[PDB]
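Subsequent text provides structure tokens for two forms of one protein chain, presented individually as structure 1 and structure 2.
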Structure 1
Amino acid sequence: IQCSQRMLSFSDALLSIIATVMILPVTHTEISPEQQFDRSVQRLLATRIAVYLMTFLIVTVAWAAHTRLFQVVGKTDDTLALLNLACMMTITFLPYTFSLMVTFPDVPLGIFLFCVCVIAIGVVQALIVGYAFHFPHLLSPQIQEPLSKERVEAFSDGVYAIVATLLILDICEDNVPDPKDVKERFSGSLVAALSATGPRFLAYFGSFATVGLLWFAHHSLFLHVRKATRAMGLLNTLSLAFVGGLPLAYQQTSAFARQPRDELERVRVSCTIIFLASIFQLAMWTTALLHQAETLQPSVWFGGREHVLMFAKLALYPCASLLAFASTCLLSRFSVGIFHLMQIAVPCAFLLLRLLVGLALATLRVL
């Protein structure tokens, strides 16, 4: 009998990467002035967005089934490990079945291979169940509906890491020039080029800061979580689905970004994505506050020491993005600058969150 921790971690990594890499087609969508107000391509963009959403949700359902199964298994074996690898192999093909369905929705091939993949996952999981039940020692101690916190955390970490990787790759592929366009830039000089490249580098830092602070909020929340509800699982799945779309909000090479659009509505889109990624973490926290006793640790209960701190940590980004959107709709003038300033202010607020919360609540105290 062997421990199953590492195998499940590998499965979580693979599944998270598979669910998150469906955003690349969306980033690669190209609209330029040839189709400025073309309806077909403009709705094609939303088509690809929705396709990404559904593929992510399907892969997440598969991951949840895997979690429920290896909650029952408990201890792994060589045969069980190879069967798990087969299941991973079958799951990895679902994105391809969707990728064949997108181009020819009416012709039934994609239908056929998608159903085949699903039924194959089913038979593989059933074989795992049978092999485990045949040998008692391979079953869980209790058998021999909460989700597992470790698997949720691993999936979330994988998604966030893949997002950051996408950002850095965008930068690396855009900015790096080659010679003759270099000396068409300047006196064969790449220092002038470099500082003509600086805002791009610093934008990368800003986007990575956004993603890392969202991960920090999720990590702080789940450090204080005793048990993970199914509702919290759904809300985390939605939060991660909208986190996967952050590259679309922060990218330069992406043919999505290279399209005719004003600064104000790009700010609106980015703030929409950020708000949707954050409000679901806040919703997880609110839902857990419903039965703290089973879902939360005593420190963050109503009237606890770190209750206000956690609430502020989770409500920082929602409020900032919402007020930036409100600036877009209200001011009409200083919106892009307000977005830039928010991307700078939120990190420092996270760094000095404790002092801010303390002095703020004292102020509210005596006045």
Structure 2
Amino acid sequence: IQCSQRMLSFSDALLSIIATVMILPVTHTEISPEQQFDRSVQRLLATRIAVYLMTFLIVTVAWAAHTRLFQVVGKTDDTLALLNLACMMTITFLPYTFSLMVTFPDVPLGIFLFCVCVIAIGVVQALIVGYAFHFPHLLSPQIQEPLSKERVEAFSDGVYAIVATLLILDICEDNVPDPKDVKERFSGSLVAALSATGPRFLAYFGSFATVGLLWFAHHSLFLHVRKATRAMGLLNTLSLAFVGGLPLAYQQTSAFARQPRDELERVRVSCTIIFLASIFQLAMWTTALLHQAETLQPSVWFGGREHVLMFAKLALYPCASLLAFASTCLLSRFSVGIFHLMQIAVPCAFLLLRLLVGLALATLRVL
């Protein structure tokens, strides 16, 4: 008899890594063709994004099945650990098989391999269930539809870390000046070759800041959560799926625009991605408020001390993104500056959120 906490943490890390594999082809796509071939590049980008979304949803369904499986199975052991490793190895083949099926939809080998992988996952899970039932001491006490908050938190942390570190990984792997180019194309100057990669550094800064603030909101929310429901799970899944598109948005934004309208369009896309990623968390919070009596702590109830604080912490990014989208639509001249000032201020607001909330409450107090 052994504790299964670390095994489930490792499984969550593996699944979070496997769910964000189809987002690398997205971030590795050309920022622009520079040869008036925008149509084909956008076609391929949209196809890759759809494939990423579908693979993420499938891996999340698998992760939920795993969480239920190990919720009915309390304690683990050596054999159960090896079977869980086998299940993870089987799940690792879902993205490849799905991409193969969607790329060759005419030949039946792709769907065959996909169904084979699914049946293998199911068979491993059934073997785990059988081993757990043959040894009743490996079952939960209640055995001898709320999700597990620990698994949700671990999955979200892994996804956020990967999405925040994608760009720095790409930089460290690829954007390192080489002596030849440094002293040939930049006239013997390292500072020039480093400044040439300024846009990527700024994109990484912005993506990391945004992802970290979203994770901060998520962590402040789930600190007052008692029972995670399946609707909250779906909403968090959608939020995490739309969070993987922040690196691409920032890459496009930091890229030099061929025409002034492309800058506005890219800012709109980035603001929409952020708005979705944050409004899904806000929807999770509202669905929790629906049954706060059995979903949230008394501190964030209707009338608590940290209720308005959490409201604002979760509605800051959606409101800012909506205002930026409007400025892009209505003003259309000061949109980039507004977006940059939002990027620079939202962190400051998160830091001084309590003072601003108090000031606003005092403003509504005597008015």
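One-based numbering along structure 1's sequence throughout. Basically, rigid core = biggest C-alpha set you can superpose within 1.5 Å across the two forms.
> Here are two forms of the same chain; which is the form described as "closed state" in its entry title?
Replying inline: Of the two forms shown, it is structure 1 that corresponds to the form described as "closed state" in its entry title, while structure 2 does not.
> Which of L213, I111, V102, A81 has its C-alpha displaced by 2 Å or more between structure 1 and structure 2 after core superposition?
Replying inline: Shifted by 2 Å or more: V102 only.
>> Given a superposition on the rigid core, I'd like a yes or no on whether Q292 shifts its C-alpha by 2 Å or more between structure 1 and structure 2.
In response: No, its C-alpha moves less than 2 Å.
> Superposing on the rigid core, is the CA of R266 displaced by 2 Å or more between structure 1 and structure 2?
Replying inline: After core superposition, the displacement of the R266 C-alpha between structure 1 and structure 2 stays below 2 Å, so no.
> Does the distance between the two CA positions of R305 reach 2 Å or more between structure 1 and structure 2, the core being superposed?
Replying inline: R305 C-alpha, core-superposed: shift of less than 2 Å.
>> Rigid core superposed: how many angstrom does the CA of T29 shift between structure 1 and structure 2?
In response: The shift comes out to 2.8 Å.
>> Core superposed first, then measure: what is the displacement of the CA of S40 between structure 1 and structure 2, in Å?
In response: That residue's C-alpha is offset by 4.4 Å.
>> Core-aligned, what does the C-alpha of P247 shift between structure 1 and structure 2, expressed in angstrom?
In response: In the core superposition between structure 1 and structure 2, the C-alpha of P247 moves 1.2 Å.
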